[PDB]
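> Give the three-dimensional model of this entry:
(chains A, B, C, D, E, F and G, ligands or ions: 1)
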Amino acid sequence: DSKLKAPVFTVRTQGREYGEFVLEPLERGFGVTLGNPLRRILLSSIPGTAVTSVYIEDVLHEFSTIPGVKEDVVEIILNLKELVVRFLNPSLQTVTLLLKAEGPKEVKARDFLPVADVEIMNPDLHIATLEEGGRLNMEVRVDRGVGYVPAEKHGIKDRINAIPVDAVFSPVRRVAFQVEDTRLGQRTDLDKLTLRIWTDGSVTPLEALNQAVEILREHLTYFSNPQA
Amino acid sequence: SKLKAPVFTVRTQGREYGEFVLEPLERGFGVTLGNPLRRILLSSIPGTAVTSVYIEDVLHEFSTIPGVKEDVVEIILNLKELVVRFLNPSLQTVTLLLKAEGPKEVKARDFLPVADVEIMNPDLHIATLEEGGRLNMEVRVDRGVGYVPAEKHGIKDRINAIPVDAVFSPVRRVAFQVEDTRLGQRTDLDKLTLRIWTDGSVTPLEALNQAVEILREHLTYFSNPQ
Amino acid sequence: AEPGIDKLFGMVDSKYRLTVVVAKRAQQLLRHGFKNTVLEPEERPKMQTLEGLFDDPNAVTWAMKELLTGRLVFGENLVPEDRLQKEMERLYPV
Amino acid sequence: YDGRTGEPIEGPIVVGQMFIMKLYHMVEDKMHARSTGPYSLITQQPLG
Amino acid sequence: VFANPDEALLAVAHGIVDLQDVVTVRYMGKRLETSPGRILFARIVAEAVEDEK
Amino acid sequence: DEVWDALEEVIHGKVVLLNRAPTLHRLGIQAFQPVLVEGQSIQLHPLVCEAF
Amino acid sequence: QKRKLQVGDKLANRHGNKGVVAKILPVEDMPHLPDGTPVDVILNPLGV
Ligand SMILES: [Mg+2]
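Residues are numbered from 1 along each chain as shown, chains lettered A, B, ... in the order given. Coordinates below:
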């Protein structure tokens, strides 16, 4: 019949950072109808974790340099904005990571002290270079949220000398969808939709996809009880 | 601090136009919701349309019937405007019979009544006749969605039948608008306004409900991998 | 464009006389606290506030809407300047 | 492709990589408003 | 050959024709020979002034 | 945050004059109804740019 | 103060093309390549 049956779903994944989700066969024009709303939701409305405040001992502001440390605080904070932290506890909202290093060494993201139900997804991230006689004792605060919150908005300081950090909470890095010409039976105008999702690893592409579907699904329930 | 659920208001006039406002929405969600719904409204809402007409003594669509002011093309254009609603879900295709004698003015109400079929606009003008004019017709009305050109489906019942473009969609036109709204110190919020024109067979609210249902049904396809 | 500006411009021989009429009427509305308005309660301008719809505080908006109704009389040498204020005070004490 | 609708732009577009400089003229150093303030000595007009 | 401007612009939505394609449209009782883009422009002006004639 | 709500009431109906130098003709000064916006730059309607 | 780009700031290239940022769009609104890469700046062809 003209009523096209339920499509077959197809999932292909490469670790925790890439995923391909194929949905075919669809009616003509439903590739863009379904793909784009998901892409917009994926790129903006997927909760994640970010560094929101960093405290470095003996440092008052971010416009200073640390003796024995090759980078200044501005460059260190830029490196911290690339840190990927995955909370294994759905109820966990905030965590403070402690780093205590002495030169001569190259301090990576794997130098943070371990925390319960917290995992660093990129231990090889380079934070600072320590020369002999240099010390780096800093506390990094990692929060959970959505979107992009500039440090001027939240202004989170765990203590007096803490430095607020612009937070980019979105775990999704890149989204693209491809519409191919698939044919079922005698109908040759059908669509094949392929969502390609790139994540930082804290949230798998499948988890991000499921959240995006739920966000769209919940928004569709706002058309139920008209106020007139 | 998740945003509160928006308020959905409907401003409907008659059975052919309506405005629906949803606010407040998170930034960018007016386009996220308006575009998918607009595409569904214009292409997926089920409807009925005339897909074929037979006129006695008429050979091709570019001829002219003697005794009738309108040519074949003009009569076909009038049929495209006909709104018919099937009252039986099992009913799939019907044929409407029209026989007229001049010099009357043929209207949609001149069609022979058929059970479980209702002509939404019986005052529609079909053709104008003069003394000695004859109009024998057999219009075939089907069920479908979207816009289908005559050359595509090519539906013909009997020899010398004239395929006609099938305007299945009951939604005539859709236009959605997004405006900036604020909820206190939140200034990047969105306000979605959706305006829907219909032929009257389905109310704009009925069409909007079907569009929202169609999108919801497709979101359940992301359920069982492989 | 101001609502009904085309109609307002057509009620006067000189466009600058409309400004004088509207500006003078707005001051009468302000001076008496909008109690002398010739607008019915269902015609009063409103402004959308967080609490709810309240009367518009802009008197130039009130004057323009009143002029469109046709319940105002304007011209030159209508009544003595001194007598007009005295009579208005009695009717709408402020 | 259009990020809002998902449909392609009807014609191919000249997309490339360009070097763009942020100039010293910023609206932060130029926005200014006043109600009342300093006045001149002789003419008593507002200062500039 | 379209019965009215809405039908012509519905075909544009489905990709049947482009706005720059010359077709036949029945507008205001006249069987015009124009493109949907020009019929769209006429509707734009009619709705802004709220007077089709 | 209630100050901004009160300001939205103060400017209701009022207009402001936008001026660009050099004022070659009288259309170099025009009155607009302000729409309070977040930012530091004035937003100008596209259709009044030729006159200004 | 660490100044980020904002509406009203002036951008220019080496070929005399200058203008002020008038709109900052979210990533999901910008035109993107079929591979999913959004563009960074949109320039009007009418300036050339
Ligand atoms: Mg991140």
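
> Tell me which residues touch the residue in chain A that chain D sits nearest to, please.
Sorted by distance to chain D under C-beta to the nearest C-beta, the residues of chain A start with residue A:36, at 3.0 Å. Yep, even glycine has a C-beta here, placed from its N, CA and C like the rest. With contact set as C-beta atoms under 8 Å, 6 or more residues apart in numbering or on different chains, residue A:36 has these partners: A:177, B:35, B:36, D:5, D:6.

> Might you specify the subset of those residues located within helices?
If you go by DSSP state H, these have B:35, B:36 in helices.

> Just give me the closest of the contacts of residue A:36 to residue C:66.
Comparing these against residue C:66 with C-beta to C-beta places residue B:35 closest, at 45.1 Å.

> Look up phi and psi at the residue nearest the centre of chain C.
For chain C, residue C:63 is the residue whose C-alpha lies nearest the centre (C-alpha atoms, centre = their mean; 2.6 Å). Here is the backbone geometry of residue C:63 (degrees, to the nearest 10): phi -60, psi -40.

> pretty sure it contacts residue C:36?
No: counting by C-beta atoms under 8 Å, residue C:63 sits too far from residue C:36 to count as a contact (11.4 Å).

> what do the two both touch?
residue C:29.

> which residues touch residue C:64?
Per C-beta under 8 Å, 6+ apart, neighbours of residue C:64: C:2, C:3, C:4, C:8, C:22.

> Restrict those to the buried ones and give me that as a ChimeraX selection.
The buried subset of the contacts of residue C:64, as determined by 16 or more other C-beta atoms under 10 Å in any protein chain shown, is captured in ChimeraX by this line:
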select /C:8,22
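
> so of the contacts of residue C:64, which ones are in helices?
C:8, C:22.

> mind giving me JSON lines with the contacts of residue C:64 and columns for distance to chain B?
Shown next, in JSON lines, are the contacts of residue C:64 (distance: C-beta to the nearest C-beta, whole Å):
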{"residue": "C:2", "distance to chain B": "22"}
{"residue": "C:3", "distance to chain B": "20"}
{"residue": "C:4", "distance to chain B": "24"}
{"residue": "C:8", "distance to chain B": "29"}
{"residue": "C:22", "distance to chain B": "31"}
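
> Count the residues that sit near the residue of chain G found nearest chain E.
Using C-beta to the nearest C-beta, residue G:34 is the residue of chain G that sits closest to chain E, at 18.8 Å. Residue G:34 has 10 neighbours, counted by other C-beta atoms under 10 Å in any protein chain shown.

> Closest to the centroid, which residue in the chain?
No chain was given, so I picked chain A. Chain A, centroid-nearest residue using C-alpha atoms, centre = their mean: residue A:171 at 1.3 Å.

> not quite, I wanted chain D
residue D:27 (5.5 Å).

> What sits closest to that one if chain neighbours are left out?
residue G:8 (3.2 Å; C-beta to C-beta, 6 or more residues apart in numbering or on different chains).

> And that neighbour, how far from residue A:27?
Separation of residue G:8 from residue A:27 (C-beta to C-beta, to the nearest Å): 46 Å.

> Which of the two has more residues huddled nearby?
The neighbour count for residue G:8 versus residue A:27, taken as other C-beta under 10 Å, is higher for residue A:27 (22 against 19).

> Name the nearest residue to the more buried one, ignoring sequence neighbours.
residue A:4 (5.7 Å).

> Check residue A:110 too.
Using C-beta to C-beta, 6+ apart and skipping residues adjacent in sequence, the residue nearest residue A:110 is residue A:123, 3.4 Å away.

> go on, residue A:138?
residue A:56 (4.2 Å).

> wait, doesn't the one you found sit right on residue A:137?
Yes: using C-beta under 8 Å, residue A:56 makes contact with residue A:137 at a distance of 7.3 Å.

> Between the two, point out the one with more neighbours.
residue A:56 (23 against 15).

> Need the three-state assignment for the residue in chain E that chain G sits nearest to.
Residue nearest to chain G within chain E: residue E:15 (18.8 Å; C-beta to the nearest C-beta). For residue E:15, the assignment made with DSSP: H, G, I helix; E, B strand; the rest coil gives coil.

> and the gap between it and residue A:29?
According to C-beta to C-beta, residue E:15 and residue A:29 sit 9 Å apart.

> Then residue A:95?
Residue A:95 is 45 Å from residue A:29, by C-beta to C-beta.

> Between those two, point out the one with more neighbours.
The neighbour comparison of residue A:95 against residue A:29 (other C-beta under 10 Å) goes to residue A:29, with 21 against 18.

> any idea how far residue B:144 is from the more buried one?
Taken as C-beta to C-beta, the span from residue A:29 to residue B:144 is 15 Å.

> Could you do residue A:148 as well?
In terms of C-beta to C-beta, residue A:148 sits 46 Å off from residue B:144.

> circling back to that earlier point, wait, what's in contact with the residue nearest to the centre of chain D?
Applying C-beta under 8 Å, 6+ apart, the residues contacting residue D:27 are F:39, F:40, F:41, G:6, G:7, G:8, G:9, G:20.

> now swap in residue D:6 and tell me
A:32, A:35, A:36, A:39, A:177, B:35.

> do the same with residue C:67
Applying C-beta under 8 Å, 6+ apart, the residues near residue C:67 are C:8, C:11, C:18, C:21, C:22, C:25.

> which residues of chain C fall in strands?
With strands called from DSSP state E, chain C shows them at C:46-48, C:53-55.

> Quick one: closest of these to residue G:43.
The nearest among those, by C-beta to C-beta, is strand C:46-48 at 39.1 Å.

> close to chain F, is the closest one?
Yes: for strand C:46-48, a contact with chain F is found by C-beta under 8 Å from any C-beta of the partner chain, at residue C:47.

> Would you confirm that the residue nearest to residue A:27 contacts residue A:182?
No: in this structure residue A:4 lies outside contact range of residue A:182 using C-beta under 8 Å: 11.1 Å.

> Spell out which residues of chain A are next to chain E.
Close to chain E, as judged by C-beta under 8 Å from any C-beta, chain A has no residues.

> Show me what counts as buried in stretch A:136-151.
A:136, A:138-147, A:149, A:151.

> Break chain A into its domains for me.
Each domain of chain A is listed here as a residue range: A:4-47+A:170-223, A:48-169, per CATH domains of a matching chain.

> Where does the closest residue to residue F:37 other than its chain neighbours sit: helix, strand or coil?
Excluding the flanking residues, the one nearest residue F:37 by C-beta to C-beta, 6+ apart is residue F:43, at 6.2 Å. Three-state assignment for residue F:43 (three-state DSSP): coil.

> how deep is residue 3 tucked in, by neighbour count?
All of this refers to chain A. The burial count for residue A:3: 7, using other C-beta under 10 Å.

> Can you look at chain G instead?
Using other C-beta under 10 Å: residue G:3 sits among 10 other residues.
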